[PDB]
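Residue numbers (my numbering), protein chains in the order written: chain A, 1 to 208; chain B, 209 to 415; chain C, 416 to 1203. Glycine is no exception: its CB is placed at the ideal position from the N, C-alpha and C atoms.
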Amino acid sequence: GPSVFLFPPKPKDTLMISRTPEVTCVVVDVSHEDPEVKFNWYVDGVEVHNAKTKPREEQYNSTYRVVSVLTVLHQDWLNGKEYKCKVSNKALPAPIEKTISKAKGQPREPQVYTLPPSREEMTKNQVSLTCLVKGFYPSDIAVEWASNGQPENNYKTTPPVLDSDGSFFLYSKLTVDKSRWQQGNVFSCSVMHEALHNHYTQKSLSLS
Amino acid sequence: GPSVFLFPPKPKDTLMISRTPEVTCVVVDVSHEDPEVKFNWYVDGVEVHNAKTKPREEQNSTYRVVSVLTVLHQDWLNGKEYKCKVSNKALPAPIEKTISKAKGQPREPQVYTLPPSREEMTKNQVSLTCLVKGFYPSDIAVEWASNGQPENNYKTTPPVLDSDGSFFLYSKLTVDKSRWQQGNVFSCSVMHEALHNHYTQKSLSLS
Amino acid sequence: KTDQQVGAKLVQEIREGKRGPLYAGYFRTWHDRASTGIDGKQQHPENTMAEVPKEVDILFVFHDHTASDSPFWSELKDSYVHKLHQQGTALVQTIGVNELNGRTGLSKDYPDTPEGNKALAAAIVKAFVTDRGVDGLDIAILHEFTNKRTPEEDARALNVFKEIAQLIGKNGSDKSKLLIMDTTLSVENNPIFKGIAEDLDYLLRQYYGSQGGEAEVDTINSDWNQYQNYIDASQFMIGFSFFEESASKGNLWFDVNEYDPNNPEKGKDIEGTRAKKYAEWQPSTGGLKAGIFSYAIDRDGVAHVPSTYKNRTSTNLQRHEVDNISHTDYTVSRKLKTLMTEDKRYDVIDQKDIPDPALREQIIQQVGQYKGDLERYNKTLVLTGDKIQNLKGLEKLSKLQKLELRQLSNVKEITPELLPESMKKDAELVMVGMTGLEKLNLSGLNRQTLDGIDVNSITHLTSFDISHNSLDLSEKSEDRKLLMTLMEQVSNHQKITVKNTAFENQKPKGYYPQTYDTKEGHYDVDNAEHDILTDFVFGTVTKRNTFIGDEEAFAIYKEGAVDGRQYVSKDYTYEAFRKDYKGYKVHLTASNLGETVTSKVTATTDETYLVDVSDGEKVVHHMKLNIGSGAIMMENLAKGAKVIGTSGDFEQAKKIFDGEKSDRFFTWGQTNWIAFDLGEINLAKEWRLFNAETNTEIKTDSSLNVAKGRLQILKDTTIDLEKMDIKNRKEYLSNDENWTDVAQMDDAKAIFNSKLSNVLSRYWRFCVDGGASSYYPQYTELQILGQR
Ligand SMILES: *[C@@H]1O[C@H](CO[C@@H]2O[C@@H](C)[C@@H](O)[C@@H](O)[C@@H]2O)[C@@H](O[C@@H]2O[C@H](CO)[C@@H](O[C@@H]3O[C@H](CO[C@H]4O[C@H](CO)[C@@H](O)[C@H](O)[C@@H]4O[C@@H]4O[C@H](CO)[C@@H](O)[C@H](O)[C@H]4NC(C)=O)[C@@H](O)[C@H](O[C@H]4O[C@H](CO)[C@@H](O)[C@H](O)[C@@H]4O[C@@H]4O[C@H](CO)[C@@H](O)[C@H](O)[C@H]4NC(C)=O)[C@@H]3O)[C@H](O)[C@H]2NC(C)=O)[C@H](O)[C@H]1NC(C)=O
Ligand SMILES: [Ca+2]
């Protein structure tokens, strides 16, 4: 029978004014025989009709997937309102109801520290610019890098890790050619979190 | 019905001669009514009889049953498959779960210790950082030390897949700023199959 | 003679369609008793290909699991083919497309080059046709879900396939061999089909499981609508599948009956099966189909696993009695073949349909040999030669799209009861060299034109009747000039009377004019309502573009006559002819650049509008409309304005001056401001704010609208913000003392427009003072409207 999965918005989208956050609802293993899938969306038990259902997508022979995407208001999400997705189908005994809301708990402001390469790494053609973000709660966060106003894109960020004080921390690691580091270019580590002013801070990192 | 989880050995145990690595097999949600749980263990599809089943544990009216197979360091590191097979009356067919070490050219970790940020030095506790990058497979172990004694107030990130196919992580030891400024030496120990004797140490002191 | 000289006669008589409707079946090699696996062990002893009955016209050898050194292949070549040929069953070898495209097989042994692909093709014919001892090749080109084939792969496949078509098939060196494609791709996503269709004997479309709609054949009819442009219906074959053993979700089609615990033989009943549906199904157009085929004919008669097992899987496997292997009688196959051959549509065309033997011959060669083809054929029919006496039976070609009558010298009469009903719905009618024709009656066929009638070759004409058509016989019409020739032809043999030159009672159809004249309309300031559609975008035309503006012009049109004989039907109302201009909308952009949708304009003040008139799907007319003296078109002076400061995100503020409403500006609060620079001083006459709900990307509720705000200009008329330090600039623009209000907003309108007192200002600021709710207010676009 059909299953339902309800995914929350990307944390950057909830926190940034330039972006529009979305709750997404996926129905998998839909039969070819009874294909009509009706979605109903609720925000604190209040029906909303502004959702946008994408058409079916054959996964394998005679089995489809159906996604519905509800745009959310930044404030509603951040105030921890419940988003309920209700799915109906002929091959269901009763409709399926899945709910998600934002992680509750006293927010704690992230502390952002940029760390330069190790002397030992400077023997290599590419060096590692590091950004430490610690002491934040909840674990919803987004980290990006930049340089001269342009996005730097060759980076990887660790998942949040629970620290011993109940808060979270992570590391992001931008990799750059040593040449660019030594020439004295400035790099920026952008952190986005609900407990920051305007959900945003930037720390810089250049050669001393 | 009953579920099965098969956990690999702790990477330090596979890599250190002082330690004995173990594959562990856990059966959860066993009913009071049909409680008999038989385990069968296989190493490259070859049955082994040296496993050790611990008795049931009420985790209501539902038990948990753990079976622990000791492994040989070489077998694990040569990437042999460990299969755990579970039988029960409340199972339609037996459950078979397998784990092995990730196959692939091993790559030696590069260990770099990073001192606190200038900005963190305004605080009563500061973060000593250890970056380990470019290692494969992702089985690794990181510890801290100072003056021969273990430092224990640290957390390490899970391995993260880098863009070049290797792994990296960060370990973050937290110390009182006083101890950092007084010029004590700290060590970041890394244990991995691609290191000589599966071991290196990088130092970190005030500069 | 030989196994190859017998097989050539099967292929020939199959290709020429002498078998009636065809039944075919894919036999799975690994269910023949001769088949062996890689370990050289027998796989299934229960069945053999030799037992396939004569009702199976074509047996497809479908290979997997059978090892390539198996004794099966010798048995197929040396034993089965001989046995099957004796009853008149052809063998066809099925190979996959990956055999051609480089992915597997002999294609990885030959380079993807013009010469390499040719040599490969010949290697494939030898490997899979000549050496296996069969009568043809069937390429299987299926839908990929995951590792979709590269355009380079499909292009190769086609090139290899076309080379195979040179060796075997209808157009090959060796015509003793069938060439077939089976597929699961629609024409739109099947580029190989399009390229090879001309060389195929059959396309075999697999339609296992439901194909949508009440009768579960939507996809078949929709697909055929495309297939018919590339192949004849006589080449088209649809397939169902039998129940395969141990089939999981993804291969459960329910094309045959389910297991019944009280009737072991239910699997052999074809009543209420998709199999019977496909046997019965025929195309709407083109003609009767070639036949049907089954997948896994070795499973003929086995009941389907019950619906309750519909979602069983390879891991989660719930086996059933019907998953066991069994000998088959091919009971279902023989019932489905008999059904089709007993269908009355496949009855041949006889003298009861078309009496004239000469006409019957030609129609058969062109449309098909079955009664049910006549109904469906929807292309061209060219009738020629002096043997045809009469055209009786031609009326049965109801869907014929074009009829060409060429040099039919013994045809003396054409009446409307002879021609097909398609002639009343604009089918083409050509006639050239009708030297024996004396009477041309085309009355009551709604002919909108006389095109196709070569009047000069109709040299023995004595009478004609083209009355009760939809012709425009007005003075400057081509159709009148053709009528004049028809009358001159008649006048050569006898005096022109009414009894031999009927052309009256025309009801010409109305069309919308393609272009309207008025490019610049004008009204006085008369304080009256005017209608832009009635005044400027009006009128109806004929098929020959004769313009009738109004009722009065239609009256004059009706009074028209040839030789004092009124040709228009008297009982034909203007209401019928005229176009109603239904769903025509008028889009009006003022000098304000404000937009409205209305055909009405009350001429109260001086104004100029740009007018775009829409039929409903497209704009049919543009023009300007000056009310009175007019007004000079304003421009948005704020378009592409430079943001110089804001209380919020700097980059987001720039989206108020991009000219779309596809993104919004807001802040984490109920108040914000954006200061901006038009670059020069210009005369600002009005302003316009497009509020939150104007968003054309996310359907935005009006509760997110700006309720209150102020537009402002800088006080210091001539200050150089150019030369100011960034830090000072922000402090300066933030400080309310430097700004004078020039406009107020007090309404959460979707669009807010007000006038300005001829404001000359380079620098501006728009402050949001409050929202329509607690939700932080948004807006999408800001215009400052005036002259440069
Ligand atoms: C999806 O459905 C379509 C049909 O539906 C069509 O498309 C959909 C989307 C809708 O639009 C429908 O309306 C529309 O009709 C399938 O297409 C036909 O469908 C049937 C089944 O429905 C297929 O039969 C299966 O075929 C495989 C083998 O298939 C060969 O051909 C395929 C295409 O050409 C290709 O994809 C395969 O890889 C394979 O190709 C070959 O590869 C080998 C090397 O691997 C090579 O030597 C061959 O020369 C080459 N052959 C070619 C190119 O033709 C067959 O294995 C299947 O049977 C197994 O499973 C059955 C139960 O499901 C079971 O009863 C069978 O006995 C058999 O199972 C096994 O038996 C052996 C021996 O005893 C044992 O060793 C195995 O362990 C055991 N295995 C398992 C797991 O059961 C089956 O007959 C047709 O291929 C296909 N095409 C035609 C022309 O009919 C499409 O295949 C479907 N997709 C999937 C993933 O199922
Ligand atoms: Ca905009």
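Self-check item: Proximity test, C/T509 beta-carbon vs ligand 1 heavy atom, cut-off 7 angstroms
Solution: yes
Exercise. Express the C-alpha separation of C/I868 and C/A773 in angstroms, rounding to a whole number.
Key: 23 angstroms
Exercise. Could you tell me whether the Cβ of A/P107 comes closer than 8 angstroms to any Cβ of chain B?
Key: no
Quiz item: Going along chain C, which residues have a C-beta under 9 angstroms from A/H32?
Solution: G624, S625 and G627
Quiz item: Where are the alpha helix (DSSP H) runs, 4 residues long or more, that stay fully inside the region 1054 to 1081 of chain C, in chain order?
Solution: 1065 to 1068
Self-check item: heavy atom of ligand 1 below 7 angstroms from C/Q457 C-beta
Solution: no
Quiz item: In terms of residue numbering, what span does the beta strand (DSSP E) encompassing A/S172 cover?
Solution: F168 to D177
Quiz item: Using the beta-carbon of each residue, which ones in chain A are nearer than 8 angstroms to C/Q1067?
Solution: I17 and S18
Self-check item: Reduced DSSP secondary structure (H/G/I, E/B, other) of C/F962
Solution: strand
Quiz prompt | Reduced DSSP category for C/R734 - H, G, I as helix; E, B as strand; rest coil | solution = coil
Practice problem: Taking C-beta pairs closer than 7 angstroms, name the residues in chain C that A/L92 reaches, listed in chain order. | Solution: Under the 7 angstroms cutoff, chain C gives no residues; its nearest Cβ is about 13 angstroms from A/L92.
Quiz item: Taking Cβ to Cβ, would you say C/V956 is nearer than 8 angstroms to C/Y972?
Solution: no
Practice problem: Decide if A/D13 is buried, meaning its Cβ has at least 16 other Cβ atoms within 10 Å, or exposed. | Solution: buried
Self-check item: C/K1076 beta carbon near ligand 2 (any heavy atom closer than 7 angstroms)
Solution: yes
Quiz prompt | Outcome for A/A103 when other beta-carbon atoms lying within 10 angstroms are tallied against a minimum of 16 | solution = exposed
Practice problem: Using a Cβ cut-off of 8 angstroms, pull out every chain A residue sitting near B/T365, in sequence order please. | Solution: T158, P159, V161, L170 and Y171
Quiz item: Which residues mark the beginning and the end of the alpha helix (DSSP H) in which C/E490 is found?
Solution: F487 to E490
Exercise. Count the other C-beta atoms from every protein chain shown that fall within 10 angstroms of the C-beta of B/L322, then say buried if there are 16 or more, exposed otherwise.
Key: buried
Quiz item: Would B/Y320 count as contacting chain F if we go by Cβ distances under 8 angstroms?
Solution: Among the protein chains of the structure shown, namely A, B and C, there is no chain F.
Quiz item: Between B/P243, B/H404, B/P263 and B/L403, which lies nearest to B/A298 when the distance is taken from Cα to Cα?
Solution: B/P243
Quiz item: In whole angstroms, what separates the C-alpha of A/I141 from that of A/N79?
Solution: 16 angstroms
Self-check item: Test: B/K341 CB closer than 8 angstroms to a CB of chain A
Solution: yes
Self-check item: Contact belief for A/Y60 with C/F560 at Cβ below 8 angstroms, rounded distance in angstroms
Solution: 6 angstroms
Quiz item: Grouping DSSP H, G and I as helix and E and B as strand, with all else coil, what is A/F39?
Solution: strand
Quiz item: How far does the beta strand (DSSP E) with C/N1173 in it reach, from first residue to last?
Solution: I1166 to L1175
Quiz item: Roughly how many whole angstroms lie between the Cα atoms of B/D370 and A/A195?
Solution: 29 angstroms
Practice problem: Pick helix, strand or coil for C/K577, following the three-state DSSP scheme. | Solution: helix
Exercise. Quick one: list the residues of chain C neighbouring A/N50, beta-carbon separation under 7 angstroms, in chain order.
Key: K1114
Practice problem: Grab the span of the alpha helix (DSSP H) containing B/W284 for me, first residue to last. | Solution: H281 to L285
Exercise. State whether the region 671 to 681 of chain C contacts the region 614 to 630 of chain C, with contact taken as three or more CB pairs (one from each stretch) at a distance under 8 angstroms.
Key: no
Quiz item: What did DSSP end up calling C/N605 once you bin it into helix, strand or coil?
Solution: coil
Quiz item: Between C/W1083 and chain A, is there a C-beta pair that is closer than 8 angstroms?
Solution: yes
Practice problem: Please determine, among B/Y271, B/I225 and B/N258, the residue with the shortest C-alpha to C-alpha distance to B/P210. | Solution: B/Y271
Exercise. For chain C, find out if any of its Cβ atoms is closer than 8 angstroms to the Cβ of A/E47; answer yes or no.
Key: no
Quiz item: Leaving out five residues before and five after C/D738 in sequence, what residues of the same chain have Cβ atoms less than 6 angstroms from its Cβ?
Solution: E660 and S661
Self-check item: Contact with chain A by C/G654, beta-carbon distance below 8 angstroms
Solution: no
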